[PDB]
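Engineer: Sharing a structure with you now.
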Amino acid sequence: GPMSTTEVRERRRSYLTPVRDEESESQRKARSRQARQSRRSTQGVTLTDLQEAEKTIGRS
């Protein structure tokens with residue numbers, strides 16, 4: 001008869017049926033990675049450090 005794998009196969013492929021998100025997610029990351037790396041590279045900028053310091057937070 002038919003195979004049961006066809007059920008987990010189609011459901012497993014849907015996880016990324018629309019790759020459109022994989023393209024925008026990879027593009028937005030490459031822009032922020034190279035952008036933040038260029039800013040901190042030239043210097044601290046006294047601006048990007050404020051955002052990173054708030055995200056890192058300091059607890060005990």
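By convention here, the chains of the structure tokens are called A, B, ... in the order presented, each chain's residues are numbered starting at 1, and ligands are numbered starting at 1 in the order presented.
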Which residues in chain A does DSSP call helix (DSSP H, G or I)? List them as number ranges by chain.
Structural biologist: A: 5-14, 20-42, 48-56
Engineer: Please measure the separation of CA of residue 37 in chain A and CA of residue 55 in chain A, giving the value in Å to one decimal.
Structural biologist: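 We find that CA of residue 37 in chain A and CA of residue 55 in chain A lie 16.8 Å from each other.
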Engineer: State, in Å with one decimal place, the distance from CA of residue 31 in chain A to CA of residue 51 in chain A.
Structural biologist: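 Between these atoms lies a distance of 17.4 Å.
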